[PDB]
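The block underneath contains the structure these notes are about, expressed in structure tokens.
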There are 4 protein chains.
Amino acid sequence: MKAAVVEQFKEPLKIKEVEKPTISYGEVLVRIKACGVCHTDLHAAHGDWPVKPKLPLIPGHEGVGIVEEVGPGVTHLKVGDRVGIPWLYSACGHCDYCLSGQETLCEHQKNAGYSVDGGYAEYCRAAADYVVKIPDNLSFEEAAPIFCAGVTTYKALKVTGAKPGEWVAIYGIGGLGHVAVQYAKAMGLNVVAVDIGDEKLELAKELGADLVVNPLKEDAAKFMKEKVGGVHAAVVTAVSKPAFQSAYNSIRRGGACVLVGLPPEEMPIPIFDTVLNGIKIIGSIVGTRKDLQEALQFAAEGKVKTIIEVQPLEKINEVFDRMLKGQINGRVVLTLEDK
Amino acid sequence: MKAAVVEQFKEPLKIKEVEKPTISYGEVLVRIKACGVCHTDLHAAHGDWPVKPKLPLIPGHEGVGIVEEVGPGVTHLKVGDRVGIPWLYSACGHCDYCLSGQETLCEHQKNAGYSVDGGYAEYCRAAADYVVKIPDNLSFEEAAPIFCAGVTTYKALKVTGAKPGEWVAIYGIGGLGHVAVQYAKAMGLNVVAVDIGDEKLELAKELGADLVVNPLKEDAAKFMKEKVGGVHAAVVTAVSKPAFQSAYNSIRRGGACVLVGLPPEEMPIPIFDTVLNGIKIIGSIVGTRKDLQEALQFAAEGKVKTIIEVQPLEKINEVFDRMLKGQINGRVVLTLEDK
Amino acid sequence: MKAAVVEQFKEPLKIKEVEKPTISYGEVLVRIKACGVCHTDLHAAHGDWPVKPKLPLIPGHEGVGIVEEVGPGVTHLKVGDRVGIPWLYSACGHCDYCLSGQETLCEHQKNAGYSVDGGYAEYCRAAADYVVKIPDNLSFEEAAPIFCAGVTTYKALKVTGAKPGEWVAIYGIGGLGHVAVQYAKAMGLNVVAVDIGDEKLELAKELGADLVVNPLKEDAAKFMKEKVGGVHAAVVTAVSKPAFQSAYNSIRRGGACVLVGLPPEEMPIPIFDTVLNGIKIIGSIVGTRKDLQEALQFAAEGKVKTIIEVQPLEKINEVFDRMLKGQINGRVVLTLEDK
Amino acid sequence: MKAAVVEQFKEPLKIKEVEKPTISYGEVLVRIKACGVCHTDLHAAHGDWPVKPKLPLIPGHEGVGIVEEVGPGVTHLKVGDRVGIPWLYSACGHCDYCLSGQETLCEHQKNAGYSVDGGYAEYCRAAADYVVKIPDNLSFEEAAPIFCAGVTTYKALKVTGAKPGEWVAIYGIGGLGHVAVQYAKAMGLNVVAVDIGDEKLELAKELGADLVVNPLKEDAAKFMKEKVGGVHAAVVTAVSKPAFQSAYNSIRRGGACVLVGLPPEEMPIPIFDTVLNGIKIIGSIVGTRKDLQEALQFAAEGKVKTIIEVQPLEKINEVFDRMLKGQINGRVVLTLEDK
Ligand SMILES: [Zn+2]
Ligand SMILES: [Zn+2]
Ligand SMILES: [Zn+2]
Ligand SMILES: [Zn+2]
Ligand SMILES: [Zn+2]
Ligand SMILES: [Zn+2]
Ligand SMILES: [Zn+2]
Ligand SMILES: [Zn+2]
């Protein structure tokens with residue numbers, strides 16, 4: 001089978017032939033039709049994180065396709081089912097985290113496109129219990145970006161604890177942000193879109209943002225304090241010292257600041273201010289199988305749509321470069337099918 | 001009436017005669033019998049915080065006594081009722097925070113012994129709706145330290161979200177910490193007491209701590225991972241960079257780190273770690289009227305006791321001096337029973 | 001002032017002149033502009049409940065108007081403010097219910113138009129702390145029905161615990177039902193409207209219902225089990241033995257059945273089924289001041305609109321007549337803009 | 001292997017030899033050391049429920065033993081592990097109930113000792129994913145009764161939502177009741193024990209009950225209203241019309257009445273009262289794997305102990321007889337090992 005593979009860190013991926021994966025107990029073979037490209041795939045290829053991935057490595061944790069064959073012991077899935085393989089490739093299913101609906105925290109978890117081969121190929125071996133079905137009226141292309149970006153923003157909003165009618169600030173209207181705006185509105189929330197590019201803010205208004213503000217042209221925190229009395233919660237998709245400080249300052253007392261990004265720096269927080277204002281700082285990444293199913297259901301109902309650009313597997317290295325230079329508006333989905 | 005008053009910041013308080021306060025609509029005059037001394041009183045006396053208190057100033061937000069008279073419009077309190085005047089002297093009662101049981105966050109709140117005169121006197125004018133009744137079988141001396149330290153630790157434990165059977169780490173077994181240990185046990189929790197002084201740890205064992213560990217003689221975070229698999233939450237009573245670091249490292253994934261202290265420095269937090277581990281950093285201070293009633297009830301039932309040292313109002317400056325030099329084990333309560 | 005008053009139970013109300021109420025500490029005088037007519041007013045007029053109202057009695061707990069004057073001690077309200085006087089006229093503000101955001105349960109509460117005079121008059125004395133401000137862009141006529149029917153259905157939906165994306169069944173699409181449908185959609189829920197009159201179901205579709213079913217033409221519970229797999233919760237606005245049984249049968253395991261109606265009969269519940277299916281039966285009526293402000297906000301944002309019929313005070317007896325014989329589609333609001 | 005089997009309903013069980021179960025994918029063979037006797041086993045033996053069990057039938061869902069062998073695909077369990085097989089023999093692990101930590105409600109569940117053979121034998125084939133490990137310092141005899149009675153009361157207490165410091169009423173201090181008292185105390189709650197036999201009430205006081213009251217010698221509801229102002233919740237272990245009526249009347253407004261019993265009669269509930277008082281009626285049975293692990297942990301910590309009587313498998317029919325006649329104080333556990 002054809003596949004994009006990382007043979008050495010920081011070296012371009014090679015599109016070559018590799019063995020077609022074989023399956024056994026509790027697994028399924030998935031023929032990949034599409035796979036979203038995530039910033040995490042880039043860091044995997046560059047091995048710039050503390051816990052480095054395996055090598056060689058087939059990246060991709062936003063791979064969607066059809067079940068070609070089921071292994072022994074698998075009863076809930078059948079040949080022909082349309083599914084996706086998310087970041088949480090597998091969990092133990094028996095630890096405290098797994099038994100309490102927090103499988104994403106399982107210490108024994110395997111991650112697709114990082115510790116095990118992913119969706120950047122024609123075929124991918126997957127753990128049957130952990131793949132998630134794709135709604136019937138959702139195309140593979142539309143579905144792919146929901147497997148990480150969509151579920152990630154949807155879960156982050158649930159983590160804020162904001163109920164219908166309350167206000168939330170979405171910092172960064174990019175790959176994750178433009179989707180976060182849509183989930184928030186679908187969840188009965190009022191949104192304040194924050195971003196330095198007016199192009200993005202206009203896009204946010206088209207997607208349902210009730211208010212927009214550019215940090216470069218005006219004080220974002222002050223704007224929200226004066227306009228709505230401070231938001232009930234903030235979701236930071238583009239984590240950086242300044243963005244986090246602004247968000248921390250725009251939330252009303254007792255509010256929550258939810259971080260979704262993955263930067264290598266440290267964020268200073270005022271102890272006096274945090275305690276006195278009862279502020280909460282929460283980190284949130286991806287989501288459980290239930291969260292993802294819910295995230296997909298909103299898409300299937302037409303409440304959420306991702307701005308996508310389709311590209312062939314061979315152009316993966318081009319995509320990574322455009323990503324490093326921030327020359328990507330929206331999300332990129334690779335197709336491994338002959339369109 | 002006699003009273004300890006701050007005439008100038010960083011100047012010793014003067015024990016002198018002052019006008020006996022007059023009351024009107026919605027207030028009560030309280031004859032103070034005792035008043036706990038809180039580190040906050042010291043910072044007020046030195047005016048070292050961004051929002052400085054008024055001057056002259058009668059400190060004290062742990063004042064307990066008897067209602068001498070009630071003003072017009074007050075129906076729930078009567079002459080002779082035993083009450084206390086906490087930090088939250090009064091709130092508006094109409095804003096979002098006040099209507100959703102979060103009166104401690106009201107932006108229009110006034111604070112006892114900071115923005116209005118407090119309990120370091122024979123008499124104190126108080127807002128009737130915000131004073132709290134003291135259980136019948138609880139002496140003024142025992143009740144005083146609950147109005148701040150007690151309710152603070154009790155609320156902080158509720159904020160962790162830890163349920164009976166789960167583990168919590170209490171960092172710093174001092175004024176607040178030795179009381180936190182007791183509330184945690186009364187709440188069905190298992191406790192790991194952390195402190196650099198073995199004297200304190202032995203005290204914690206006597207107070208109910210299930211496990212103890214000295215950071216100076218061993219890795220606290222490692223001890224908790226090995227012994228219990230990480231605590232479900234941590235309450236930091238003595239906030240400092242190293243203490244917060246250790247606490248952040250000893251909590252299991254998805255756990256909560258609750259800060260209670262009020263230090264003027266910044267705390268760096270790992271963004272990558274926080275997001276990946278779903279960790280929560282929450283600030284908590286004092287508590288609502290309901291929280292305080294609940295906290296007092298635990299004391300009245302004999303499940304919580306504060307180690308205290310009684311001292312006359314005249315020795316307030318000596319108490320402050322001993323406080324600055326960490327020459328105090330437990331809590332100090334001032335007695336007004338000597339005019 | 002002019003007012004519609006009940007002098008004897010079961011006797012038509014008399015529209016006559018009466019003393020203009022005077023006010024004192026903590027009260028405000030409200031010039032009534034409109035007042036909604038609620039089934040509760042009818043029962044009050046007939047005194048058919050265990051706890052009978054005072055006599056003579058000026059009914060109405062859906063009165064909205066302008067503050068003509070404020071009494072001593074009132075600072076959050078100014079002459080000219082637009083407010084409403086709900087069923088919860090006043091509470092003690094110090095019992096456990098009142099301190100834990102459950103004021104509607106206060107045993108010492110006074111109710112508008114039942115134990116104290118209501119809005120069926122040109123003027124009404126009200127407790128300042130318990131009136132609720134009306135959003136600027138909401139007309140008195142539109143606001144009135146929200147003060148009881150609106151807040152009641154909104155709170156009932158919050159009580160179900162249904163989150164965005166889940167399914168709720170609304171039994172009865174009448175006075176309360178048609179408004180419930182709208183709040184549910186504004187809360188991110190999918191709705192199944194249930195009613196014996198196809199007219200009402202077509203209305204529900206226009207108001208946003210996702211699915212409709214007529215219990216007379218088909219098994220409602222079976223329909224919901226087949227179409228959505230059982231709703232997550234049900235709100236019964238027209239409580240009756242058959243409606244409750246149907247609702248109890250259409251909810252999925254672990255679901256909640258919320259009762260909003262006030263019938264004088266008893267409802268039999270299967271013990272075996274309830275325990276085995278982990279079903280919850282909850283009663284809900286009106287809402288707190290916070291709940292009402294939140295409910296009014298949705299109306300002000302254009303997400304909820306009540307179908308109303310405006311009638312002059314003099315036609316009150318006509319209205320009650322048409323009420324008893326179910327000759328009313330939607331809600332009736334009395335206008336008192338005459339002398 | 002030896003086993004007690006039901007060949008015909010309402011016919012005495014036959015202790016005879018039967019085939020030793022064989023295992024396959026995802027199962028384990030468990031050598032039974034002990035098995036609790038539950039009232040449910042009796043109803044199974046008499047097939048007096050709507051959904052009748054299979055026949056022949058080896059009852060028992062409180063079976064605890066040693067894993068003698070693991071089937072293919074099982075990695076979380078090893079030979080020698082000490083485990084128990086609860087009522088929830090298995091669930092599908094993929095429906096909404098299973099994915100949201102409500103496995104006990106899975107419509108595809110199989111139940112031990114009812115739809116599949118249970119622990120009333122020397123061996124029992126079990127679903128690997130649904131057996132639960134027994135704490136190291138807990139004997140098989142002590143552990144057995146926790147697998148159903150223990151977890152059922154522990155979960156019911158969690159369902160009440162009562163927090164540390166609040167009051168709960170336990171109706172019926174028998175098999176489940178005496179254990180419920182202990183869990184409630186371990187959960188930081190204050191308990192009112194209710195039962196018609198003073199013998200039981202004295203037992204409850206020894207087990208930690210704060211207050212006791214006999215419905216035959218005084219009004220239980222009135223006693224609780226006067227003594228504590230109504231309990232925050234009630235757990236009815238012996239469901240009957242009078243017991244439920246009493247419980248419903250002793251709970252404070254907004255409180256919860258949790259039913260744990262399984263009677264074949266109907267319970268009438270006041271609609272007017274329930275809506276006005278915001279009372280909740282919740283059914284609760286057994287618990288999830290997580291709940292059971294938690295319940296077992298409390299036992300291992302010495303906070304909960306079951307009063308049990310050990311008897312050999314052969315005496316099962318005599319145990320059932322004494323059970324029908326209410327001649328059993330506490331719980332009975334069958335031993336499969338002579339000695
Ligand atoms: Zn990703
Ligand atoms: Zn796990
Ligand atoms: Zn306020
Ligand atoms: Zn203090
Ligand atoms: Zn009404
Ligand atoms: Zn009250
Ligand atoms: Zn059982
Ligand atoms: Zn299932």
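For the structure tokens, the naming scheme is as follows: chains receive sequential letters (A, B, ...) according to their order of presentation, residues are indexed from 1 within each chain, and ligands are indexed from 1 in presentation order.
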Fill in: Spatial neighbours of segment 317-329 of chain D, max dist 10 Å, only C-alpha atoms, sep filter under 5 positions, as a list in words
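Listing them by chain and then by number gives residues 4, 11, 12, 13, 14, 15, 37, 38, 39, 41, 42, 45, 173, 174, 175, 200, 307, 308, 309, 311, 312 and 334 of chain D.
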Item to complete: Up to 6 Å from chain D, what residues of chain B turn up? Count only C-alpha atoms and give them as a PyMOL selection string.
Response: chain B and resi 164+186-188
Requested write-out: N, CA and C atoms of the selected residues, as a compact mmCIF listing (two decimals), in the first residue's frame:
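And here's out.txt as it stands now:
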# COMPACT_ATOMS: atom_id res chain seq x y z
N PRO B 164 -16.16 11.62 48.90
CA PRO B 164 -15.74 10.67 49.93
C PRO B 164 -14.98 9.48 49.35
N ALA B 186 -13.66 15.06 57.90
CA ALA B 186 -15.09 15.12 58.16
C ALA B 186 -15.87 14.99 56.85
N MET B 187 -15.20 15.26 55.74
CA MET B 187 -15.85 15.18 54.45
C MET B 187 -15.64 13.84 53.77
N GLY B 188 -15.24 12.84 54.56
CA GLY B 188 -15.03 11.51 54.03
C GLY B 188 -13.80 11.33 53.15
Item to complete: Fewer than 3 positions away in the same chain doesn't count, so skip those; otherwise give me all residues within 7 Å of residue 278 of chain D, counting only C-alpha atoms, as a PyMOL selection string.
Response: (chain C and resi 282-284) or (chain D and resi 253-254+274-275)
Residues just named, written with N, CA and C atoms as a compact mmCIF listing (two decimals), in the first residue's frame:
# COMPACT_ATOMS: atom_id res chain seq x y z
N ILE C 282 -39.54 14.59 38.75
CA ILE C 282 -39.29 15.86 39.41
C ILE C 282 -40.38 16.87 39.15
N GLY C 283 -40.74 17.60 40.20
CA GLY C 283 -41.75 18.63 40.07
C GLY C 283 -41.04 19.96 40.00
N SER C 284 -41.53 20.87 39.16
CA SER C 284 -40.90 22.19 39.04
C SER C 284 -41.93 23.28 38.81
N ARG D 253 -38.15 20.42 51.49
CA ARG D 253 -38.44 20.86 50.12
C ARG D 253 -37.20 20.75 49.26
N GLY D 254 -37.39 20.37 48.01
CA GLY D 254 -36.26 20.26 47.10
C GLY D 254 -35.41 19.03 47.39
N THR D 274 -45.71 17.51 45.32
CA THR D 274 -44.45 17.28 44.59
C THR D 274 -43.94 18.47 43.75
N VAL D 275 -44.85 19.16 43.08
CA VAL D 275 -44.49 20.31 42.24
C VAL D 275 -44.18 21.56 43.08
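Here atom CA of residue 68 of chain A stands at a distance of 17.5 Å from atom CA of residue 335 of chain A.
Around ligand 1, using only C-alpha atoms and all ligand atoms and a cut-off of 9 Å, the residues in contact are residues 36, 37, 38, 39, 40, 41, 60, 61, 62, 86, 87, 145, 147, 148, 149, 152, 285 and 286 of chain A.
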Discussion item. Excluding segment 225-235 of chain C and its own-chain neighbours fewer than 3 positions away, which residues fall within 7 Å of it when counting only C-alpha atoms? Please give them as a ChimeraX atom specification.
Written reply: /C:156,160,162,166-171,221-222,247,250-252,255-259
Output for the residues just chosen: C-alpha atoms as a short mmCIF file (atom, residue, chain, number, x, y, z; two decimals), in the first residue's frame:
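Output file selection.cif follows:
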data_model
loop_
_atom_site.label_atom_id
_atom_site.label_comp_id
_atom_site.auth_asym_id
_atom_site.auth_seq_id
_atom_site.Cartn_x
_atom_site.Cartn_y
_atom_site.Cartn_z
CA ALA C 156 -38.31 23.05 34.02
CA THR C 160 -34.32 18.03 33.19
CA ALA C 162 -30.71 17.84 29.16
CA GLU C 166 -30.15 15.75 23.50
CA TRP C 167 -33.85 15.12 23.00
CA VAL C 168 -36.74 16.40 25.14
CA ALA C 169 -40.44 15.70 24.76
CA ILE C 170 -42.86 18.57 25.43
CA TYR C 171 -46.28 17.25 26.42
CA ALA C 221 -43.96 6.53 23.44
CA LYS C 222 -43.43 3.97 20.69
CA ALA C 247 -44.35 10.63 29.10
CA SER C 250 -41.28 7.63 26.24
CA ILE C 251 -38.19 8.59 28.25
CA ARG C 252 -35.03 6.53 27.97
CA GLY C 255 -34.16 9.87 32.08
CA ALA C 256 -36.07 12.62 33.83
CA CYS C 257 -39.79 13.30 33.74
CA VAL C 258 -40.48 16.87 34.83
CA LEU C 259 -43.98 17.81 35.97
#
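Taking only C-alpha atoms and all ligand atoms into account, ligand 4 lies nearest to A:276 out of the set A:79, A:47, A:276, A:153.
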Practice prompt. Would you mind listing the residues within 7 Å of ligand 6, counting only C-alpha atoms and all ligand atoms, as a PyMOL selection string?
Written response: chain C and resi 91-98+103+106-109
Discussion item. Using DSSP secondary structure from the backbone, list all strand (DSSP E or B) positions within segment 69-262 of chain C, as a PyMOL selection string.
Written reply: chain C and resi 69-70+82-85+88-90+110-112+116+121+123-127+132-133+167-171+190-194+211-213+231-236+251-259
Worksheet item: residue 243 of chain C: which residues within 10 Å, counting only C-alpha atoms, same-chain residues fewer than 2 positions away excluded, as a PyMOL selection string?
Response: chain C and resi 171-172+194-195+215+220+236-241+245-249
Residues just named, written with N, CA, C and O atoms as an mmCIF file, in the first residue's frame:
data_model
loop_
_atom_site.group_PDB
_atom_site.id
_atom_site.type_symbol
_atom_site.label_atom_id
_atom_site.label_comp_id
_atom_site.auth_asym_id
_atom_site.auth_seq_id
_atom_site.Cartn_x
_atom_site.Cartn_y
_atom_site.Cartn_z
ATOM 1 N N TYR C 171 -44.900 17.721 26.436
ATOM 2 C CA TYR C 171 -46.280 17.253 26.424
ATOM 3 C C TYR C 171 -47.249 18.408 26.602
ATOM 4 O O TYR C 171 -47.268 19.061 27.642
ATOM 5 N N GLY C 172 -48.055 18.652 25.571
ATOM 6 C CA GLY C 172 -49.021 19.735 25.616
ATOM 7 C C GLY C 172 -48.416 20.999 25.055
ATOM 8 O O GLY C 172 -47.492 21.559 25.636
ATOM 9 N N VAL C 194 -45.722 16.898 21.638
ATOM 10 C CA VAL C 194 -46.821 15.948 21.776
ATOM 11 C C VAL C 194 -48.117 16.652 22.161
ATOM 12 O O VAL C 194 -48.165 17.374 23.160
ATOM 13 N N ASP C 195 -49.167 16.434 21.371
ATOM 14 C CA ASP C 195 -50.466 17.052 21.635
ATOM 15 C C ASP C 195 -51.568 16.374 20.819
ATOM 16 O O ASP C 195 -51.321 15.925 19.700
ATOM 17 N N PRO C 215 -50.954 11.659 20.132
ATOM 18 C CA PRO C 215 -51.261 10.482 20.956
ATOM 19 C C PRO C 215 -52.557 9.772 20.557
ATOM 20 O O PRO C 215 -52.724 8.584 20.826
ATOM 21 N N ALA C 220 -47.419 7.543 21.134
ATOM 22 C CA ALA C 220 -46.362 8.536 21.274
ATOM 23 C C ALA C 220 -45.057 7.941 21.794
ATOM 24 O O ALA C 220 -43.986 8.194 21.241
ATOM 25 N N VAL C 236 -43.952 17.771 31.191
ATOM 26 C CA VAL C 236 -45.394 17.639 31.081
ATOM 27 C C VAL C 236 -46.059 18.930 31.555
ATOM 28 O O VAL C 236 -46.112 19.198 32.762
ATOM 29 N N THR C 237 -46.554 19.722 30.599
ATOM 30 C CA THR C 237 -47.202 20.998 30.905
ATOM 31 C C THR C 237 -48.681 20.832 31.239
ATOM 32 O O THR C 237 -49.245 21.621 32.001
ATOM 33 N N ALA C 238 -49.304 19.805 30.670
ATOM 34 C CA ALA C 238 -50.710 19.514 30.938
ATOM 35 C C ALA C 238 -50.769 18.176 31.670
ATOM 36 O O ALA C 238 -51.062 17.140 31.072
ATOM 37 N N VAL C 239 -50.485 18.203 32.968
ATOM 38 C CA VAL C 239 -50.475 16.979 33.755
ATOM 39 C C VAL C 239 -51.847 16.343 33.896
ATOM 40 O O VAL C 239 -52.818 16.992 34.284
ATOM 41 N N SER C 240 -51.903 15.059 33.562
ATOM 42 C CA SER C 240 -53.114 14.250 33.641
ATOM 43 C C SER C 240 -52.604 12.816 33.677
ATOM 44 O O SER C 240 -51.512 12.539 33.196
ATOM 45 N N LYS C 241 -53.388 11.907 34.240
ATOM 46 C CA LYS C 241 -52.966 10.518 34.354
ATOM 47 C C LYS C 241 -52.425 9.934 33.045
ATOM 48 O O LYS C 241 -51.319 9.403 33.012
ATOM 49 N N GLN C 245 -48.441 9.007 32.081
ATOM 50 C CA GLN C 245 -48.071 7.633 31.791
ATOM 51 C C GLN C 245 -47.330 7.557 30.465
ATOM 52 O O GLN C 245 -46.320 6.861 30.341
ATOM 53 N N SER C 246 -47.836 8.277 29.472
ATOM 54 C CA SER C 246 -47.210 8.292 28.162
ATOM 55 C C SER C 246 -45.791 8.848 28.261
ATOM 56 O O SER C 246 -44.846 8.261 27.744
ATOM 57 N N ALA C 247 -45.651 9.987 28.928
ATOM 58 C CA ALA C 247 -44.352 10.627 29.098
ATOM 59 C C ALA C 247 -43.372 9.699 29.819
ATOM 60 O O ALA C 247 -42.221 9.563 29.410
ATOM 61 N N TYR C 248 -43.842 9.058 30.886
ATOM 62 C CA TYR C 248 -43.020 8.142 31.669
ATOM 63 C C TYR C 248 -42.524 7.000 30.786
ATOM 64 O O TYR C 248 -41.415 6.503 30.960
ATOM 65 N N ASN C 249 -43.348 6.603 29.822
ATOM 66 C CA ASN C 249 -42.998 5.517 28.914
ATOM 67 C C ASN C 249 -42.132 5.910 27.720
ATOM 68 O O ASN C 249 -41.512 5.045 27.100
#
Item to complete: Using DSSP on the backbone coordinates, identify the residues of segment 58-118 of chain D assigned to helix (DSSP H, G or I); present them as a ChimeraX atom specification.
Response: /D:96-99,103-105
Output C-alpha atoms for every residue in that selection, as an mmCIF file, in the first residue's frame.
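This went into out_9.cif:
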data_model
loop_
_atom_site.group_PDB
_atom_site.id
_atom_site.type_symbol
_atom_site.label_atom_id
_atom_site.label_comp_id
_atom_site.auth_asym_id
_atom_site.auth_seq_id
_atom_site.Cartn_x
_atom_site.Cartn_y
_atom_site.Cartn_z
ATOM 1 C CA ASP D 96 -25.105 5.724 24.802
ATOM 2 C CA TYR D 97 -25.629 4.288 28.309
ATOM 3 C CA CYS D 98 -22.318 2.370 28.225
ATOM 4 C CA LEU D 99 -20.322 5.297 26.811
ATOM 5 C CA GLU D 103 -23.515 0.553 31.962
ATOM 6 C CA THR D 104 -26.118 -0.652 34.453
ATOM 7 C CA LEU D 105 -28.819 0.656 32.089
#
Fill in: Residue among D:3, D:260, D:33, D:132 lying closest to residue 159 of chain D, counting only C-alpha atoms
D:260
Worksheet entry | Two-atom distance - atom CA of residue 313 of chain C, atom CA of residue 262 of chain C (Å) |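 Atom-to-atom, atom CA of residue 313 of chain C to atom CA of residue 262 of chain C, that is 25.5 Å.
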Discussion item. Using only C-alpha atoms, which protein or nucleic acid residues come within 10 Å of residue 69 of chain B? Drop anything in the same chain fewer than 3 positions from it, and give the result as number ranges by chain.
Written reply: B: 23, 27-31, 66, 77-81, 125
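Our summary of the geometry notes that atom CA of residue 123 of chain A is positioned 9.6 Å from atom CA of residue 19 of chain A.
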